[PDB]
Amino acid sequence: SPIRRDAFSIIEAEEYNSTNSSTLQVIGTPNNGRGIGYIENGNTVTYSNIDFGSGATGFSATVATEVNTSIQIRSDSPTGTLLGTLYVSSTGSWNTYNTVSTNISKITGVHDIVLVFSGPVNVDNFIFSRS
C-alpha cells in the first residue's frame, strides 16, 4: 500500500497501511472494483501520510451496508484527534454503494488517518474536500 497520498484524490480503502482487525478482507464490488469488508465494531484501519495541504473540512466515502453504522475519522492514531464521524444508514444491500459525506474539523499538513468502525460496512474508497 502507498507510503503517502494526496487528500484531494481518491484513496482506495483496500490500500490501507495497517489494521487491528482479525476479520477484515479485501472484497470485490459489482463493477469489479475492490473494497474492504468483514469489518467489526472496534476495528481500525490506518492510512499513512495523507497530505491535506492548506486544509480539508470534509470527508466523503463510498460505502455499502445493511445496518446503520458510524465511522470515526481520526488523525494520527486511534486515540488522535476526532476529525469527524460519518453516519451511514442502510444503503439497502452489501453491494449497493452510496457516496456519503460529513463535515470535519479543518486539518492541514501530513497526517496518518485512522478510520474507526462501530460495525459492519463495506468501503470502496474515500476522499477529502478542501476548506
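One rule holds for the numbers: they count along the sequence shown, beginning at 1.
In this entry, 2 to 10 shows the higher mean Cα temperature factor of the pair 121 to 129 and 2 to 10. Stretches 64 to 72 and 42 to 50 differ in mean CA B factor, with 64 to 72 having the higher one. Sorting the modelled residues of the chain by their CA temperature factor places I36 in the middle third. Among the modelled residues of its chain, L115 has a C-alpha B-factor that falls in the lowest third according to the deposited record.
Annotation for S18: C-alpha temperature factor in the middle third relative to the rest of the modelled chain, per the entry. The deposited CA B-factor of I27 belongs to the highest third of values across its chain. In the PDB entry, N95 places in the highest third of its chain by CA B-factor.
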